[PDB]
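Participant:
2 protein chains.
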Amino acid sequence: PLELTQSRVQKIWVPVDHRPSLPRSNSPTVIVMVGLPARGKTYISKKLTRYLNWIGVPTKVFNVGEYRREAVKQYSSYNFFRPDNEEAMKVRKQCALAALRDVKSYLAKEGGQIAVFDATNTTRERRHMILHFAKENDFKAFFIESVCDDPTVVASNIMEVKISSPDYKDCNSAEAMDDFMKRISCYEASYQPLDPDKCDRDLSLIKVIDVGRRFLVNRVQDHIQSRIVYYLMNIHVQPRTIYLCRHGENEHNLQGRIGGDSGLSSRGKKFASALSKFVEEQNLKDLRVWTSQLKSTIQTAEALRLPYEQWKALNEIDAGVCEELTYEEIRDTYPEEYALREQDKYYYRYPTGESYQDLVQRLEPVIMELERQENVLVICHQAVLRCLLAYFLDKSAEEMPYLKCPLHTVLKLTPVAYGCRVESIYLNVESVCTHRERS
Amino acid sequence: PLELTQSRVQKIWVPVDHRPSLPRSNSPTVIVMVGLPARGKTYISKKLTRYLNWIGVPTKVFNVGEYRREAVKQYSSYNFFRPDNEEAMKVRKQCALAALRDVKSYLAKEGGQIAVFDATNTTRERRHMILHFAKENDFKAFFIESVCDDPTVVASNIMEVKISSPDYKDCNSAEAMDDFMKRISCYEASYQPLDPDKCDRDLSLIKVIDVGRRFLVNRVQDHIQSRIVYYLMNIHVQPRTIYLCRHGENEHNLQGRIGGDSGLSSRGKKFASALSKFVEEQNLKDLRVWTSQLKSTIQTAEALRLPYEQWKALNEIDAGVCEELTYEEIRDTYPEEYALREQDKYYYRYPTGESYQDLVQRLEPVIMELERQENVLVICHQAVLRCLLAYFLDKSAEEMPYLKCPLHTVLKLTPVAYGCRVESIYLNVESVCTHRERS
Ligand SMILES: COc1ccc(-n2cc(-c3ccccc3)c3c(=O)[nH]cnc32)cc1
Ligand SMILES: COc1ccc(-n2cc(-c3ccccc3)c3c(=O)[nH]cnc32)cc1
Ligand SMILES: O=P(O)(O)OC[C@H]1O[C@](O)(CO)[C@@H](O)[C@@H]1O
Ligand SMILES: O=P(O)(O)OC[C@H]1O[C@](O)(CO)[C@@H](O)[C@@H]1O
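Protein sequence lines, in the order shown, are assigned to chains A and A'. A prime marks a further copy of an entry chain.
Numbered according to the authors' numbering, the first sequence spans residues 1 to 25, 32 to 445.
Numbered according to the authors' numbering, the second sequence spans residues 1 to 25, 32 to 445.
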């Protein structure tokens with residue numbers, strides 16, 4: 001016995017399945039957002055979902071407000087949110103129940119692992135109902151409460167993403183701000199914060215206090231909750247810029263060879279000088295510079311005359327047996343391998359090498375550190391850059407291997423609202439094109 | 001410009017240092039343990055130090071009680087700890103100040119990065135003094151308080167590691183327990199828990215409540231504090247067993263070839279059957295089985311008839327250009343490389359390959375998951391096993407590449423007191439010997 005076969009795309013050893021003539025073919035989690043409006047619940051929901059999906063955990067946000075915008079006509083005022091508004095209170099409950107119905111369908115019938123229930127969930131009654139829903143559907147419940155009553159932070163959220171909401175199209179900036187403040191007040195009487203000391207002692211929760219200055223963590227049940235908690239503790243909303251680029255053109259680039267540890271070409275050295283001038287012109291307070299352990303990124307960083315840190319995790323995707331070969335030589339020596347990759351570029355593993363899937367797992371610590379840091383310049387490689395960019399730009403596993411990241415071009419990332427503003431800066435130095443479109 | 005050279009041992013690209021005829025040649035942290043006696047402060051101190059050293063952060067514990075045992079004669083009773091004991095109170099303060107003096111010498115003059123100050127530090131006055139010491143020496147201060155008043159947990163700590171203390175050699179189990187309870191009571195009046203709400207609002211701290219059921223986290227300043235917090239949140243004291251072994255003997259083992267993805271030899275298949283019988287005889291509640299993505303570990307797990315999980319992080323050390331070669335062929339084709347490895351086995355990086363140092367970084371997520379889990383069987387490879395074992399057995403980077411991990415032998419790890427009890431179980435199946443002693 002013990003007969004195994006290696007799967008063609010992913011290169012995984014599986015038992016040879018000599019299936020007879022008639023062949024036969032862990033618990034999901036509901037993340038409950040808790041808190042008054044303008045407490046960054048949607049910011050947390052979106053960011054956490056972006057991270058979880060990128061690491062390979064299927065996650066989806068269910069925002070009760072969007073179910074409400076669908077059911078109700080155009081928004082008039084805070085009067086809709088009044089506790090004495092009998093009709094709207096019924097509508098709002100129906101919307102929450104409709105979102106939960108879609109949560110059940112996502113987790114039990116669509117292969118989803120995490121459902122982020124993005125609502126106020128400010129009352130114990132609403133949360134008791136969510137817990138009942140979770141228990142009878144065999145879903146785990148994990149609560150994330152954001153507590154911040156700083157008026158500057160509240161006003162900043164209203165100004166950055168609330169006033170621009172479809173609800174406030176007919177309102178001006180000042181009356182949307184005034185309406186939203188009244189809207190928050192509608193929730194303040196009934197608001198029962200999480201109490202892990204007495205009432206919510208058995209609940210799995212995190213209390214994010216004053217934009218992540220302090221945390222109350224109670225009863226973390228599993229791996230995924232522990233990961234979420236770690237992530238929430240590393241992220242921040244301080245202003246910053248992320249610059250991402252590849253090493254300057256190398257000798258392998260000129261020969262159309264993949265992988266290797268070749269040095270900068272004459273043009274690559276020219277880009278490196280151009281990059282130093284660019285960096286200088288950005289006039290950044292304290293820039294952290296990260297490179298791979300491969301020569302071409304280190305030579306590029308050397309031109310900056312700035313301290314830099316080499317990460318083995320930033321090294322280009324390992325092509326295994328195909329290292330230092332041209333794509334023509336890959337097609338002619340390994341035709342089966344070439345066609346398999348073309349068909350499934352994300353999951354395809356090179357023989358004795360890696361997949362984009364392996365890269366994501368390697369780059370997880372890079373992402374966690376990028377979150378912690380304020381200004382960073384990452385000098386890396388084509389496949390590495392695509393992964394990092396897919397995380398920041400919320401791109402799927404399927405689109406990730408095809409993202410355009412040309413040589414001698416800086417990608418300037420500015421975190422704004424619920425994403426990244428991406429600015430491209432070509433440093434006017436010629437190079438070959440290493441981008442290959444799908445077939 | 002941009003001229004680099006690759007360092008012989010570690011394979012790091014560095015600027016060619018054309019040093020002239022006259023060549024010229032981040033803040034440490036004091037971790038402050040806080041809490042009454044028998045609160046697992048020494049358990050936390052030792053475990054955290056073991057983890058931090060293993061990941062490459064030089065860490066040392068400074069236990070004030072050991073400075074006291076050195077200054078004072080043999081221990082008589084709790085009377086030494088009385089608040090009205092003027093003389094012993096002076097001695098105890100002197101001991102704390104002597105430990106801090108050694109903290110300063112470790113962090114500022116010995117290249118240490120983290121000093122774990124293991125004492126009660128129960129008063130605000132003592133903590134104010136530690137903060138003053140940290141501020142004037144330019145050290146960061148991070149507080150770890152353990153709060154647990156459960157009498158079962160307190161009694162268990164006294165029974166497991168207190169009664170066996172050199173202090174209680176002349177006392178019997180019952181009178182050591184009675185003396186220790188009186189000793190704790192000496193500290194209870196003056197005890198001022200950390201107050202991150204009002205008084206300790208500006209301090210960087212973690213409050214570990216009821217053996218890690220709940221956590222209060224305030225003002226995490228840097229990377230290392232964030233890592234510590236994550237680690238404390240993943241560890242537990244629930245009873246469990248860790249079984250570690252290599253895959254059954256493979257075809258490359260028979261040929262004396264390194265690396266590769268060869269399958270089990272006839273003896274390797276025999277071990278796999280023997281392992282299944284062994285596993286069955288252990289009568290474990292719920293065993294998690296982990297393998298690498300290499301065929302030989304998967305074939306071994308296949309014999310168990312148990313579900314298993316494949317980790318790419320458990321794949322054997324990458325030998326780069328030396329993969330699938332015998333050691334004789336390495337010495338004859340790459341003599342410089344062979345001698346360099348022999349001289350510096352931990353830091354040595356194989357060309358286009360890895361070092362034991364790279365393995366530790368890869369295995370960090372494995373260690374974190376091993377901590378979270380209760381019963382686990384890890385079927386892996388020689389170098390991978392040495393790293394994991396060095397973490398559990400608190401072995402240095404220098405000794406790690408030489409740890410004996412023979413084939414067809416299970417290493418049964420039982421966490422007891424402040425370490426691991428290691429039991430070896432040879433499953434009576436012959437194999438070749440792949441262990442190579444130093445030169
Ligand atoms: C761009 O629009 C934003 C709107 C809101 C936020 N935000 C993010 C947090 C926040 C919460 C926990 C961790 C990190 C940030 C937060 C808050 O605690 N209170 C109000 N607002 C908040 C950020 C951008
Ligand atoms: C083997 O001797 C031990 C002595 C003490 C412990 N211990 C560990 C913790 C503990 C604390 C935080 C996280 C994990 C464990 C703890 C405690 O909160 N209160 C009393 N004791 C304790 C374990 C073994
Ligand atoms: O992105 P692709 O086409 O999958 O391949 C990535 C390749 O691109 C390069 O960065 C250069 O073309 C190589 O280092 C790497 O092998
Ligand atoms: O432990 P060493 O002697 O440094 O080398 C590790 C080698 O041992 C093996 O496990 C077998 O000898 C190989 O897979 C690996 O290359």
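Just so you know, even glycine gets a beta-carbon here, dropped at the ideal spot from N, CA and C.
Taking all protein chains shown into account, do 16 or more other C-beta atoms lie within 10 angstroms of the C-beta of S272 (chain A), making it buried, or fewer, making it exposed?
Facilitator: The residue is exposed, with fewer than 16 neighbouring Cβ atoms inside 10 Å.
Participant: Tell me which same chain residues have a C-beta within less than 7 Å of the C-beta of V63 (chain A), skipping the five on either side of it?
Facilitator: Cβ within range, chain order: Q119, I120 and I230.
Participant: For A195 (chain A), return the contacting residues in chain A', with the cut-off set at a CB-CB distance below 7 Å.
Facilitator: Per Cβ cutoff of 7 Å: no residues; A195 (chain A) is ~24 Å from chain A' at best.
Participant: Could you check if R392 (chain A') belongs to the surroundings of ligand 1, using beta carbon to heavy atom distance under 8 Å?
Facilitator: For ligand 1, not one heavy atom lies less than 8 Å from the Cβ of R392 (chain A').
Participant: So, for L4 (chain A'): in the same chain, excluding its five sequence neighbours on each side, which residues have a beta-carbon less than 7 Å away from its beta-carbon?
Facilitator: Cβ within range, chain order: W13, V14, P15 and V16.
Participant: Taking the C-alpha atoms as reference points, what is the distance between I50 (chain A') and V153 (chain A')?
Facilitator: Straight-line Cα distance between these residues: approximately 12 Å.
Participant: Using a Cβ cut-off of 8 Å, pull out every chain A' residue sitting near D364 (chain A), in sequence order please.
Facilitator: Near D364 (chain A) (Cβ distances below 8 Å), the residues of chain A' are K318.
Participant: Taking a cut of 7 Å between CB atoms, which residues from the stretch 265–298 of chain A lie near chain A'?
Facilitator: Within the stretch 265–298 of chain A, the residues whose Cβ lies closer than 7 Å to some Cβ of chain A' are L270, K275 and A278, listed in chain order.
Participant: Residues of the stretch 224–235 of chain A' in Cβ contact with chain A at a cutoff of 7 Å, in chain order, please.
Facilitator: The stretch 224–235 of chain A' vs chain A, Cβ under 7 Å: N224, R225, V226, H229, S232 and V235.
Participant: Is the closest heavy atom of ligand 3 to the C-beta of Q388 (chain A) under 8 Å?
Facilitator: Correct: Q388 (chain A) has its Cβ closer than 8 Å to ligand 3.
Participant: Just list the residues that DSSP pairs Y249 (chain A) with in beta bridges.
Facilitator: DSSP lists A:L383 and A:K418 as partners of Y249 (chain A).
Participant: Against chain A, does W13 (chain A') count as a neighbour if the rule is that its beta carbon must be under 9 Å from one of theirs?
Facilitator: So, interface residue.
Participant: Using a Cβ distance threshold of 8 Å, determine whether the stretch 259–269 of chain A contacts the stretch 322–331 of chain A, with at least three qualifying pairs required.
Facilitator: Touching, yes.
Participant: Just mark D338 (chain A) as buried or exposed, buried being the case when its beta carbon has 16 or more other beta carbons within 10 Å.
Facilitator: Exposed, since its Cβ has fewer than 16 Cβ neighbours within 10 Å.
Participant: Answer with yes or no whether the minimum CB distance from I323 (chain A) to chain A' is below 9 Å.
Facilitator: So, not an interface residue.
Participant: Buried or exposed for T158 (chain A'), please, with buried defined as at least 16 other CB atoms from any protein chain shown within 10 angstroms of its CB.
Facilitator: Counting Cβ neighbours within 10 Å, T158 (chain A') comes out exposed, since fewer than 16 surround it.
Participant: Alpha carbon to alpha carbon, how far is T420 (chain A') from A105 (chain A)?
Facilitator: Distance between the alpha carbons of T420 (chain A') and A105 (chain A) is about 47 Å.
Participant: Note down the Cα distance separating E335 (chain A) from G359 (chain A), rounded to an integer number of angstroms.
Facilitator: One C-alpha to the other measures close to 17 Å.
Participant: CB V243 (chain A') to CB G46 (chain A'), shorter than 9 Å?
Facilitator: Yes, the Cβ-Cβ distance between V243 (chain A') and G46 (chain A') is below 9 Å.
Participant: To which residues of the same chain is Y237 (chain A') closer than 8 Å at the C-beta, ignoring the five residues directly before and after it?
Facilitator: Hits under 8 Å: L54, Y57, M374 and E377.
Participant: Could you tell me how far apart the beta carbons of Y354 (chain A) and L365 (chain A) are, in whole angstroms, since I believe they sit closer than 8 Å?
Facilitator: With 8 Å as the limit, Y354 (chain A) and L365 (chain A) do not qualify as a contact, their Cβ atoms being about 12 Å apart.
Participant: Is the stretch 67–79 of chain A' close to the stretch 177–187 of chain A', with three or more CB pairs under 8 Å?
Facilitator: Judged by Cβ distances under 8 Å, the stretch 67–79 of chain A' makes no contact with the stretch 177–187 of chain A', as fewer than three pairs qualify.
Participant: Let me see if you follow: with CB-CB separation under 9 Å, is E375 (chain A') close to chain A or not?
Facilitator: With 9 Å as the cut-off, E375 (chain A') counts as an interface residue toward chain A.
Participant: Under the criterion of a Cβ to heavy atom distance below 8 Å, does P407 (chain A') qualify as lining ligand 5?
Facilitator: As presented, the structure is devoid of ligand 5, carrying ligand 1, ligand 2, ligand 3 and ligand 4 as its sole ligands.
Participant: So, using beta-carbon positions, are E322 (chain A) and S298 (chain A) closer together than 9 Å?
Facilitator: Yes, these two residues count as a Cβ contact at 9 Å.
Participant: Is the beta carbon of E151 (chain A) less than 9 Å from the beta carbon of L211 (chain A)?
Facilitator: In this structure, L211 (chain A) lies closer than 9 Å to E151 (chain A) by Cβ.
Participant: According to DSSP, is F123 (chain A') part of a helix, a strand, or is it coil?
Facilitator: If DSSP states are grouped into helix, strand and coil, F123 (chain A') belongs with the strands.
Participant: In whole angstroms, give me the CA-to-CA distance for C205 (chain A) and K213 (chain A).
Facilitator: If you take the alpha carbons of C205 (chain A) and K213 (chain A), they lie about 14 Å apart.
Participant: Does any residue of chain A' have a CB that is nearer than 9 Å to the CB of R219 (chain A)?
Facilitator: True, the Cβ-Cβ gap to chain A' drops below 9 Å.
Participant: Would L222 (chain A) count as contacting chain A' if we go by Cβ distances under 9 Å?
Facilitator: Closer than 9 Å to some Cβ of chain A', the Cβ of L222 (chain A) qualifies, so yes.
Participant: Can you tell me the Cβ-Cβ gap for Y84 (chain A) and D173 (chain A), rounded? I've got them flagged as a contact below 8 Å.
Facilitator: With a Cβ gap of about 10 Å, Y84 (chain A) and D173 (chain A) do not count as contacting.
Participant: DSSP puts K66 (chain A') in a beta bridge; with which residues?
Facilitator: Partner(s): A':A121.
Participant: Using 8 Å as the cut-off, can you tell me whether the stretch 16–25 of chain A makes contact with the stretch 132–149 of chain A, which would need three or more C-beta pairs spanning the two stretches below that distance?
Facilitator: Touching, no.
Participant: Against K301 (chain A), what residues of chain A' qualify as contacts under a CB-to-CB distance less than 7 Å, listed in chain order?
Facilitator: Simply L4 and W13.
Participant: What residues match up with residue 30 (chain A) in a beta bridge as DSSP calls it?
Facilitator: Between 25 and 32, chain A has no modelled residues, which means residue 30 (chain A) does not appear in the coordinates.
Participant: With H, G and I counted as helix, E and B as strand and the rest as coil, what does DSSP make of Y57 (chain A')?
Facilitator: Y57 (chain A'): helix per DSSP, three-state reduction.
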